[PDB]
């Protein structure tokens, strides 16, 4: 079905009404989303079918129709934009300066923006519009607020 580049909502009819369980990015004929959104299950795009190609529970990422294509990275200095696609609400760009997740295996960018769980998979962009990662896997800090990692995959 539809393979035009852009941000897409991930929906389900298994529960009451139509529910948005996540978001994803279509780029170079590949759909990129977070693993906890689809659990690696097949997706539908109109009459067409999208089968998983690559996935990883630890990275919390999954690609459909082909290998992961997103490889732009945060520069460690500039502000970024979360193209938040919230459930039942219009796509909206939110500008922020990312923080840092310091891990035993290096530092990762982090966006401190609080959105519904069905917003997971929303792309984070640089000033060029390039997807530097996905919003939706992070931690809930002491004051009850949410902080997500800027999760980026590897382009083979």
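Positions refer to the first chain, counted from 1.
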Inset, instruction - Could you settle it for me: does 56-64 or 41-49 have the higher average Cα B factor in the PDB entry? - result: 41-49
Legend entry - Given 141-149 and 16-24, the range whose Cα B-factors average higher in the PDB entry: 141-149
Legend entry - Out of 34, 30, 124, 113, residue topping the C-alpha B-factor column of the entry: 113
Legend entry - Record-listed C-alpha B factor of residue 69: chain third: lowest
